[PDB]
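All chains are named by letter (A, B, ...) in the order of the sequence lines, taking the proteins before the strands, and each is independently numbered beginning at 1.
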2 protein chains.
Amino acid sequence: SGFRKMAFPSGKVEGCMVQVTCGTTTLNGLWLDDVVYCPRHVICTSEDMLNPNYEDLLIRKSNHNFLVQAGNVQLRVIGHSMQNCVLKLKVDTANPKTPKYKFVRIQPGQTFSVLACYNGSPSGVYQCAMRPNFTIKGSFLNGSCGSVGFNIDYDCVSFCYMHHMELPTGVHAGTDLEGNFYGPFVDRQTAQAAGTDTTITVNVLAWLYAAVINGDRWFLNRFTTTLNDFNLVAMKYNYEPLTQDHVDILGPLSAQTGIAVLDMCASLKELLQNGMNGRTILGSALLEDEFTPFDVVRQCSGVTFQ
Amino acid sequence: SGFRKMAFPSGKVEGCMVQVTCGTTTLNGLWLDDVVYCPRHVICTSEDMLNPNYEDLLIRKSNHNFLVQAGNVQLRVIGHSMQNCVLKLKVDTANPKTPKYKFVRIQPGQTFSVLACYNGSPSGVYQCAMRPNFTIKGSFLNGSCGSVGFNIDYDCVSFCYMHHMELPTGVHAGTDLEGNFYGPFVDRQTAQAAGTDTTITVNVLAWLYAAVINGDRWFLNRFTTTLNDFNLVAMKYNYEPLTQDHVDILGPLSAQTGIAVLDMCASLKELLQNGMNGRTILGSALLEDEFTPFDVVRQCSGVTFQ
Ligand SMILES: [Cl-]
């Protein structure tokens, strides 16, 4: 028993992390097969970032201007291309530690682990969610750009995020591994508006099920409610609306606990209107939305990876 | 910026995890050089655990009764010994992925990462603290015994914990890698009393410094206080007393933020007596004690490992 904000084991990703230097700027790259992926703004100086013309800056660069280091193994760049907001550096060596992997574009509310890196070396791993406004609330310092987010399914690494920017508000923005930003953000040092950040309701419900599984049931009540009545309340507190697809995803947790999804919703409704009264759930004094229904099932069933 | 409950990268530990089977029971072992370390209760049946006589049970076992699997590599046991509550299994193969490592016995209030494993395969990684009563509040299911806790300093893995038991209260107990339990616990399925769990004050202060570094300063006040007056209040709320050694450890954070340790203590005193008023600090509605002063400095400075 017990419940923890658990990240994926990072070992398969650690062996893919490299340092990328272009002139004076150094960040992290991801070395898969014979290609290194990194944020295109590795080619910018601090001044360039205010209003970069990436095609013109990249035109001034040649394969030999990029220095790629993996530990004390310098890789040779023999081709380079810009794909959206990522640079693809073709190197002469295939990464011997390349895992089975895929690139995936996740949806808001999905969770993943981040391996925070500096100078191509791993610092720490943590789990986070893609917020509904396509930001992440990370922990990143200067030099962490190119750090990656991932999931694992059995033996395959799904890369879903590359870190690019800290917004002036302290939240973080990045791209998929095809270089398309999540959200309306651009890789420019300019004021940028993130939308309203709503709470991921389907995830809150999942965590309430986790709480029940683990012996925390004080919040269970014998009211019930309808999906429309619940969404009416959710929206007042900036909670995402629940759809039938969400009810479908929660089914297995409903079955395991004997608590129907709409009954759990009525419990949530009461917590929203009346608060937690200085009580806690799974050691938390706030409702938690960084566990998906799949995360809960995974943690409560002991799934492993190879 | 940002602050996250960050675990160490787990890759160096992943390659040390093996499955250990003795008759019908299977758990995790730690393979370093040519020795496998695992909980001695791998030799017990479910019935044996109520009142095991470990010497007599072990006397019935021979090297060939233990099955050690690392992926699809079966290791041969050629010698075995019991050291306190761990079994040392001498195997015929040195682990090629043995990191630089040491065994350390940590003190209450220190933090470490746990790599939760099942059947010798990693499931997830999370960071936790040794509580003052020598328990941990983990996430462990059946079969996770032998999962290990560790820290990394540059290139060296310090193993500090092996998981052995879930107490009837849902909290977790285990040993150092010499097999000595943390706390007064025994590897027997019997009711066991953990002490009062106090809050780790030096860690709370560290996290308050982290909050300031990250822009959360609403809780700063212009009261001050003395160490004795503060400890008088701490004890009323089941907080560990602060000593001069703790004040010494916080010095660098004091210097970086310009806030003296005793001033930070007066801020804490006010939060204890008046609560947080439905406000948050670093996204939390409770005071957090699972970051040490070293963790804060490490996360706020970007330390990496090799
Ligand atoms: Cl909280």
Participant: Heavy atoms only, distances under 4.5 angstrom: which of B/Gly170, B/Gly215, B/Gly138, B/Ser144 has the most pairs with chain A? Name it, please.
Facilitator: B/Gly138
Participant: Heavy atoms only: give me the nearest A/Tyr126-A/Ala7 pair and the separation to one decimal.
Facilitator: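 Reported closest heavy-atom pair: C-CB, 4.1 Å.
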Participant: Using distance only, find each side-chain donor-acceptor pair of residues 270-285 of chain A under 3.5 Å and give its atom names and separation, not counting sequence neighbours.
Facilitator:
{"unit_1": "A/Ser284", "atom_1": "OG", "unit_2": "A/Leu286", "atom_2": "N", "d": "3.2"}
{"unit_1": "A/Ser284", "atom_1": "OG", "unit_2": "A/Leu286", "atom_2": "O", "d": "2.8"}

Participant: Going by the angle between their ring planes, with limits at 30° and 60°, are A/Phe150 and A/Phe159 parallel, tilted or perpendicular?
Facilitator: tilted
Participant: Please determine, by modelled atom types, if B/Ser1 and A/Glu166 share a side-chain donor-acceptor pair under 3.5 angstrom.
Facilitator: yes
Participant: Which region of A/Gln127, side chain (C-beta onward) or backbone (N, CA, C, O), has a non-hydrogen atom less than 4.5 Å from a non-hydrogen atom of chain B, or is it both or neither?
Facilitator: backbone
Participant: Does one side chain, of B/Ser158 or B/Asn151, offer a donor that lies under 3.5 Å from an acceptor on the other?
Facilitator: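 Side-chain D/A pair, B/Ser158 to B/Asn151: absent.
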Participant: Can you tell which part of A/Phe3 gets under 4.5 Å to a heavy atom of chain B, answering side chain, backbone, both or neither?
Facilitator: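 For A/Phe3, the backbone is the part near chain B, not the side chain.
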Participant: Hey, which of A/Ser123, A/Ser113, A/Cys117 has the most heavy atom pairs under 4.5 Å with chain B?
Facilitator: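 Option with the greatest count: A/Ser123.
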Participant: Does any heavy atom of chain B fall under 4.5 Å from the side chain of A/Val303, the backbone, both, or neither of them?
Facilitator: backbone
